[PDB]
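Step one of this worksheet: look at the structure below.
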Amino acid sequence: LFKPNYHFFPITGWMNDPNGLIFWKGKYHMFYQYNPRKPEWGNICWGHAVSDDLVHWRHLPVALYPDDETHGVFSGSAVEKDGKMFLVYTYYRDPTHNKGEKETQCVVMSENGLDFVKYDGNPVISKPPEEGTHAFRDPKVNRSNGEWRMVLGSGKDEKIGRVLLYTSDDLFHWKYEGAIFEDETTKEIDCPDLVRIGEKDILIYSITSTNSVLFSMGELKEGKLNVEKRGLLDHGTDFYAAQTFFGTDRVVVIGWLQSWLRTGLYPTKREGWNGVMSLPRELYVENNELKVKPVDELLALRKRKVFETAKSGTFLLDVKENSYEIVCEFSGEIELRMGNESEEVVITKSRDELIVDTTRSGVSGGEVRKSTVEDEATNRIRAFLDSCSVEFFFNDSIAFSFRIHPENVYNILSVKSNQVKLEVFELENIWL
Ligand SMILES: OC[C@H]1O[C@H](OC[C@H]2O[C@H](O[C@]3(CO)O[C@H](CO)[C@@H](O)[C@@H]3O)[C@H](O)[C@@H](O)[C@@H]2O)[C@H](O)[C@@H](O)[C@H]1O
């Protein structure tokens with residue numbers, strides 16, 4: 001029932017954060033937090049997959065293992081140096097009765113993308129820079145002004161979450177440059193990512209207590225991110241631990257398509273697996289605003305046009321599974337429902353608000369989420385339905401991602417608006 005047709009998910013066991021995202025030697029590499037042993041978190045390794053086109057994933061052998069039963073290979077990033085692939089990651093030691101957990105930052109190298117060797121000088125960063133630092137992890141490394149820069153997530157005095165910055169000329173010797181950013185609404189920050197998009201420094205980061213990916217855009221000046229604008233990267237319930245790819249022109253982000261808060265509510269563990277990755281999105285700046293849209297490569301998934309209409313109504317779709325894309329252009333207000341006789345997801349544009357309701361979606365129920373949006377002459381929704389998810393994209397500007405678990409095919413579509421142009425495309429199964 002719930003195995004995705006065109007999203008990445010593990011062949012068995014548990015998966016969370018996307019790691020080591022890199023375009024290397026002509027192919028997109030994606031690693032991930034992985035426990036093959038069972039559909040729950042534990043004994044974490046880095047799984048590995050590859051695609052030519054950000055869509056057609058193929059599983060590779062597990063890339064990184066912990067050395068023993070009391071450690072984990074926590075999240076991190078990937079870069080290219082001297083033609084070789086380097087992975088930079090947090091190595092985690094379990095707490096014991098006398099000791100708290102210990103986190104260090106380490107480096108691994110690969111000349112072929114298949115075999116990975118450990119740097120002899122590990123750990124590359126052996127301890128936190130200040131006292132009272134906890135959750136010291138998730139190194140995201142990029143190039144800036146002739147130098148390597150690393151951002152790390154952290155928490156200070158069990159009170160305020162901060163992003164720490166280190167620099168390096170060679171990827172092995174790092175210098176602490178202070179806390180560039182803090183968010184007082186959380187005790188810790190996960191999975192930071194500092195990118196540059198058109199004259200602007202953008203800090204992407206995750207907060208575990210609301211399970212949200214936020215951003216702060218502005219200018220790094222004198223060791224501090226001067227924030228001009230703030231927001232969410234995604235407005236739904238299931239988008240977490242976002243990371244962007246190294247080595248591409250566009251900024252391309254993938255997130256974990258799941259929530260820590262709602263993990264115990266989901267049914268895939270019965271099938272022997274847990275965890276799904278989001279579709280990739282391009283992040284870009286237009287009119288001094290950060291915008292999110294689906295990557296262009298997703299168009300290749302479109303097989304045959306199952307349905308189309310230029311008027312409102314309720315329609316039976318000729319689809320045999322939950323694997324399709326709704327493309328909908330409209331003016332004014334809209335109500336779009338997708339579902340069957342027992343289940344539905346509803347998205348409504350009511351005045352200056354976009355609202356999504358997955359409470360009736362399937363066997364994990366759901367929630368209601370909303371965002372205020374700018375009016376346009378013509379609006380556009382793209383909705384990607386797969387076996388256990390729906391991702392909505394609006395005006396190439398914002399995204400809402402939700403995990404849903406329908407017991408049956410969503411073969412009924414209802415639209416109510418003026419000036420509607422709606423199409424449905426079957427989406428290809430990438431596996432078989
Ligand atoms: O306090 C120990 C903690 O261990 C487990 O969770 C670890 C960690 O997982 C999450 O952080 C990320 C982001 O999703 O996931 C990887 C680990 O796989 C981290 O590198 C990265 O920061 C959560 O978001 C954190 O709050 C959490 O500490 C276990 O699952 C917890 O119950 C707890 O025992």
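In the structure tokens, chains take the letters A, B, ... in the order shown, each chain's residues start at 1, and ligands count up from 1 in the order shown.
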With a cut-off of 7 Å, could you pull out the residues of chain A touching ligand 1 and give me the nearest pair of atoms for each, distance in Å to one decimal, using only C-alpha atoms and all ligand atoms, ordered by chain and ascending number, as JSON lines?
```
{"residue": "A:16", "atom": "CA", "partner": "ligand 1", "partner_atom_place_in_ligand_line": "18 (O)", "distance": 6.4}
{"residue": "A:17", "atom": "CA", "partner": "ligand 1", "partner_atom_place_in_ligand_line": "14 (O)", "distance": 5.5}
{"residue": "A:33", "atom": "CA", "partner": "ligand 1", "partner_atom_place_in_ligand_line": "18 (O)", "distance": 5.6}
{"residue": "A:41", "atom": "CA", "partner": "ligand 1", "partner_atom_place_in_ligand_line": "30 (O)", "distance": 5.9}
{"residue": "A:44", "atom": "CA", "partner": "ligand 1", "partner_atom_place_in_ligand_line": "18 (O)", "distance": 6.8}
{"residue": "A:74", "atom": "CA", "partner": "ligand 1", "partner_atom_place_in_ligand_line": "20 (O)", "distance": 4.1}
{"residue": "A:75", "atom": "CA", "partner": "ligand 1", "partner_atom_place_in_ligand_line": "20 (O)", "distance": 4.0}
{"residue": "A:90", "atom": "CA", "partner": "ligand 1", "partner_atom_place_in_ligand_line": "20 (O)", "distance": 6.9}
{"residue": "A:135", "atom": "CA", "partner": "ligand 1", "partner_atom_place_in_ligand_line": "28 (O)", "distance": 6.7}
{"residue": "A:137", "atom": "CA", "partner": "ligand 1", "partner_atom_place_in_ligand_line": "20 (O)", "distance": 6.1}
{"residue": "A:138", "atom": "CA", "partner": "ligand 1", "partner_atom_place_in_ligand_line": "20 (O)", "distance": 5.5}
{"residue": "A:190", "atom": "CA", "partner": "ligand 1", "partner_atom_place_in_ligand_line": "22 (O)", "distance": 4.6}
{"residue": "A:191", "atom": "CA", "partner": "ligand 1", "partner_atom_place_in_ligand_line": "22 (O)", "distance": 5.8}
{"residue": "A:208", "atom": "CA", "partner": "ligand 1", "partner_atom_place_in_ligand_line": "24 (O)", "distance": 5.0}
{"residue": "A:240", "atom": "CA", "partner": "ligand 1", "partner_atom_place_in_ligand_line": "14 (O)", "distance": 6.7}
{"residue": "A:241", "atom": "CA", "partner": "ligand 1", "partner_atom_place_in_ligand_line": "14 (O)", "distance": 5.3}
```
Which residues are close to residue 226 (chain A), i.e. within 10 Å by only C-alpha atoms, leaving aside same-chain residues fewer than 2 positions away? Reply as a VMD selection string. chain A and resid 180 to 181 201 216 to 224 228 to 229
Quick one: residues within 6 Å of region 274-280 of chain A, only C-alpha atoms, excluding same-chain residues fewer than 4 positions away - as JSON, numbers by chain? {"A": [8, 9, 14, 15, 16, 39, 253, 254, 255, 256, 257, 268, 269, 295]}
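The residue that comes closest to residue 281 (chain A), out of A:341, A:375, A:333, A:391 and on the basis of only C-alpha atoms, is A:391.
What separates CA of residue 425 (chain A) from CA of residue 310 (chain A) is a distance of 15.4 Å.
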Residues within 6 Å of residue 105 (chain A), only C-alpha atoms, excluding chain neighbours under 4 positions, as a list in words: residues 89, 90, 123, 124 and 125 of chain A
Just the residues within 9 Å of residue 420 (chain A), please, counting only C-alpha atoms, with nothing from its chain fewer than 4 positions along; format it as a PyMOL selection string. chain A and resi 309-312+328-331+334+415-416
With N, CA, C and O atoms retained, could you export that selection as a short mmCIF file (atom, residue, chain, number, x, y, z; two decimals), in the first residue's frame?
```cif
data_model
loop_
_atom_site.label_atom_id
_atom_site.label_comp_id
_atom_site.auth_asym_id
_atom_site.auth_seq_id
_atom_site.Cartn_x
_atom_site.Cartn_y
_atom_site.Cartn_z
N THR A 309 -9.72 19.62 -17.25
CA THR A 309 -10.96 20.39 -17.26
C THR A 309 -10.67 21.89 -17.25
O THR A 309 -9.65 22.32 -16.74
N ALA A 310 -11.58 22.66 -17.83
CA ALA A 310 -11.52 24.12 -17.76
C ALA A 310 -12.76 24.69 -17.05
O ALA A 310 -13.09 25.86 -17.22
N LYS A 311 -13.41 23.86 -16.24
CA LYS A 311 -14.58 24.26 -15.46
C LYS A 311 -14.68 23.50 -14.13
O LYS A 311 -14.11 22.42 -13.97
N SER A 312 -15.43 24.08 -13.20
CA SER A 312 -15.65 23.49 -11.89
C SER A 312 -16.47 22.21 -12.00
O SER A 312 -17.20 22.03 -12.98
N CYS A 328 -3.04 23.07 -11.48
CA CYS A 328 -4.27 23.84 -11.40
C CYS A 328 -3.98 25.34 -11.44
O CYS A 328 -3.32 25.87 -10.56
N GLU A 329 -4.49 26.00 -12.48
CA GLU A 329 -4.43 27.45 -12.61
C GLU A 329 -5.82 28.01 -12.32
O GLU A 329 -6.81 27.45 -12.77
N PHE A 330 -5.90 29.09 -11.55
CA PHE A 330 -7.19 29.66 -11.18
C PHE A 330 -7.10 31.15 -10.84
O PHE A 330 -6.03 31.68 -10.60
N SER A 331 -8.26 31.80 -10.83
CA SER A 331 -8.38 33.18 -10.38
C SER A 331 -9.37 33.25 -9.21
O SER A 331 -10.33 32.48 -9.15
N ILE A 334 -10.63 29.41 -4.40
CA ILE A 334 -10.79 28.02 -4.85
C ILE A 334 -10.98 27.05 -3.68
O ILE A 334 -10.54 27.30 -2.57
N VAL A 415 -13.33 20.43 -7.88
CA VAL A 415 -12.80 21.78 -7.98
C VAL A 415 -13.95 22.79 -8.02
O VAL A 415 -14.95 22.57 -8.69
N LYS A 416 -13.78 23.90 -7.30
CA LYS A 416 -14.76 24.97 -7.28
C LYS A 416 -14.03 26.31 -7.33
O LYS A 416 -13.46 26.74 -6.34
#
```
Who sits within 12 Å of residue 349 (chain A), only C-alpha atoms, same chain under 4 positions skipped, as a PDB file with N, CA and C atoms, in the first residue's frame:
```pdb
ATOM      1  N   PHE A 330      -5.895  29.087 -11.546  1.00  0.00           N
ATOM      2  CA  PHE A 330      -7.187  29.661 -11.179  1.00  0.00           C
ATOM      3  C   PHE A 330      -7.105  31.146 -10.836  1.00  0.00           C
ATOM      4  N   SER A 331      -8.262  31.801 -10.835  1.00  0.00           N
ATOM      5  CA  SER A 331      -8.384  33.180 -10.378  1.00  0.00           C
ATOM      6  C   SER A 331      -9.366  33.250  -9.213  1.00  0.00           C
ATOM      7  N   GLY A 332      -9.107  34.170  -8.289  1.00  0.00           N
ATOM      8  CA  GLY A 332      -9.959  34.365  -7.134  1.00  0.00           C
ATOM      9  C   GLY A 332      -9.802  33.256  -6.110  1.00  0.00           C
ATOM     10  N   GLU A 333     -10.921  32.834  -5.529  1.00  0.00           N
ATOM     11  CA  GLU A 333     -10.925  31.810  -4.494  1.00  0.00           C
ATOM     12  C   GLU A 333     -11.078  30.430  -5.121  1.00  0.00           C
ATOM     13  N   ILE A 334     -10.631  29.408  -4.400  1.00  0.00           N
ATOM     14  CA  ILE A 334     -10.786  28.025  -4.847  1.00  0.00           C
ATOM     15  C   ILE A 334     -10.984  27.054  -3.683  1.00  0.00           C
ATOM     16  N   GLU A 335     -11.681  25.957  -3.961  1.00  0.00           N
ATOM     17  CA  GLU A 335     -11.683  24.789  -3.093  1.00  0.00           C
ATOM     18  C   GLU A 335     -11.387  23.575  -3.962  1.00  0.00           C
ATOM     19  N   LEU A 336     -10.288  22.898  -3.657  1.00  0.00           N
ATOM     20  CA  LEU A 336      -9.852  21.721  -4.394  1.00  0.00           C
ATOM     21  C   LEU A 336      -9.822  20.547  -3.421  1.00  0.00           C
ATOM     22  N   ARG A 337     -10.591  19.503  -3.717  1.00  0.00           N
ATOM     23  CA  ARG A 337     -10.637  18.305  -2.886  1.00  0.00           C
ATOM     24  C   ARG A 337     -10.124  17.110  -3.677  1.00  0.00           C
ATOM     25  N   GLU A 353      -5.671  33.872   2.302  1.00  0.00           N
ATOM     26  CA  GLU A 353      -5.133  32.726   3.027  1.00  0.00           C
ATOM     27  C   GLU A 353      -5.255  31.447   2.205  1.00  0.00           C
ATOM     28  N   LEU A 354      -4.209  30.625   2.247  1.00  0.00           N
ATOM     29  CA  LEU A 354      -4.205  29.284   1.665  1.00  0.00           C
ATOM     30  C   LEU A 354      -4.260  28.287   2.823  1.00  0.00           C
ATOM     31  N   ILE A 355      -5.251  27.399   2.820  1.00  0.00           N
ATOM     32  CA  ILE A 355      -5.474  26.472   3.927  1.00  0.00           C
ATOM     33  C   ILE A 355      -5.492  25.035   3.409  1.00  0.00           C
ATOM     34  N   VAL A 356      -4.795  24.137   4.100  1.00  0.00           N
ATOM     35  CA  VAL A 356      -4.794  22.709   3.768  1.00  0.00           C
ATOM     36  C   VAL A 356      -5.272  21.893   4.970  1.00  0.00           C
ATOM     37  N   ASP A 357      -6.105  20.892   4.702  1.00  0.00           N
ATOM     38  CA  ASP A 357      -6.752  20.094   5.736  1.00  0.00           C
ATOM     39  C   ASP A 357      -6.589  18.617   5.384  1.00  0.00           C
ATOM     40  N   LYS A 370      -2.175  26.635   7.600  1.00  0.00           N
ATOM     41  CA  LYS A 370      -2.489  27.791   6.767  1.00  0.00           C
ATOM     42  C   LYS A 370      -1.344  28.804   6.685  1.00  0.00           C
ATOM     43  N   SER A 371      -1.361  29.600   5.619  1.00  0.00           N
ATOM     44  CA  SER A 371      -0.423  30.701   5.439  1.00  0.00           C
ATOM     45  C   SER A 371      -1.091  31.870   4.714  1.00  0.00           C
ATOM     46  N   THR A 372      -0.733  33.093   5.093  1.00  0.00           N
ATOM     47  CA  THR A 372      -1.181  34.271   4.352  1.00  0.00           C
ATOM     48  C   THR A 372      -0.335  34.418   3.093  1.00  0.00           C
ATOM     49  N   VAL A 373      -0.985  34.735   1.976  1.00  0.00           N
ATOM     50  CA  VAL A 373      -0.311  34.810   0.681  1.00  0.00           C
ATOM     51  C   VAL A 373      -0.691  36.062  -0.107  1.00  0.00           C
ATOM     52  N   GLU A 374       0.215  36.487  -0.989  1.00  0.00           N
ATOM     53  CA  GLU A 374      -0.012  37.633  -1.868  1.00  0.00           C
ATOM     54  C   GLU A 374      -0.978  37.239  -2.974  1.00  0.00           C
ATOM     55  N   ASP A 375      -1.842  38.170  -3.367  1.00  0.00           N
ATOM     56  CA  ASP A 375      -2.783  37.919  -4.454  1.00  0.00           C
ATOM     57  C   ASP A 375      -2.061  38.104  -5.784  1.00  0.00           C
ATOM     58  N   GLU A 376      -2.418  37.273  -6.758  1.00  0.00           N
ATOM     59  CA  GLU A 376      -1.962  37.435  -8.135  1.00  0.00           C
ATOM     60  C   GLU A 376      -3.162  37.335  -9.073  1.00  0.00           C
ATOM     61  N   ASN A 379      -3.311  32.457 -10.194  1.00  0.00           N
ATOM     62  CA  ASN A 379      -2.639  31.605  -9.218  1.00  0.00           C
ATOM     63  C   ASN A 379      -2.411  30.208  -9.792  1.00  0.00           C
ATOM     64  N   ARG A 380      -1.481  29.464  -9.200  1.00  0.00           N
ATOM     65  CA  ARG A 380      -1.117  28.129  -9.678  1.00  0.00           C
ATOM     66  C   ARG A 380      -0.826  27.208  -8.493  1.00  0.00           C
ATOM     67  N   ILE A 381      -1.508  26.067  -8.433  1.00  0.00           N
ATOM     68  CA  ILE A 381      -1.200  25.010  -7.473  1.00  0.00           C
ATOM     69  C   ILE A 381      -0.665  23.794  -8.231  1.00  0.00           C
ATOM     70  N   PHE A 394       2.623  26.418  -4.462  1.00  0.00           N
ATOM     71  CA  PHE A 394       1.733  27.533  -4.775  1.00  0.00           C
ATOM     72  C   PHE A 394       2.519  28.721  -5.327  1.00  0.00           C
ATOM     73  N   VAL A 415     -13.330  20.425  -7.879  1.00  0.00           N
ATOM     74  CA  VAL A 415     -12.802  21.784  -7.979  1.00  0.00           C
ATOM     75  C   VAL A 415     -13.946  22.793  -8.015  1.00  0.00           C
ATOM     76  N   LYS A 416     -13.781  23.897  -7.297  1.00  0.00           N
ATOM     77  CA  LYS A 416     -14.765  24.975  -7.280  1.00  0.00           C
ATOM     78  C   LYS A 416     -14.030  26.306  -7.328  1.00  0.00           C
ATOM     79  N   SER A 417     -14.032  26.929  -8.501  1.00  0.00           N
ATOM     80  CA  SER A 417     -13.478  28.269  -8.681  1.00  0.00           C
ATOM     81  C   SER A 417     -13.961  28.854 -10.012  1.00  0.00           C
TER      82      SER A 417
END
```
When DSSP works through the backbone of this structure, what residues of region 163-331 of chain A end up as strand (DSSP E or B), shown as a ChimeraX atom specification? /A:163-168,175-183,190-197,200-207,212-221,224-232,240-244,246,251-256,273-274,277,281-286,289-294,302-309,313-316,324-331
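By only C-alpha atoms, and with residues fewer than 6 positions from residue 397 (chain A) along its chain excluded, the set lying at most 8 Å from it is residues 290, 291, 292 and 293 of chain A.
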How many Å lie between CA of residue 147 (chain A) and CA of residue 168 (chain A), rounded to one decimal?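 Separating CA of residue 147 (chain A) from CA of residue 168 (chain A) is a distance of 6.2 Å.
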Just list as number ranges by chain whatever in region 267-301 of chain A DSSP marks as helix (DSSP H, G or I). A: 268-271, 296-301
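If you look at CA of residue 299 (chain A) and CA of residue 412 (chain A), they are 23.1 Å away from each other.
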Nearest candidate to residue 243 (chain A) (options A:265, A:141, A:385, A:390; using only C-alpha atoms):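 For residue 243 (chain A), the nearest of the given residues is A:141.
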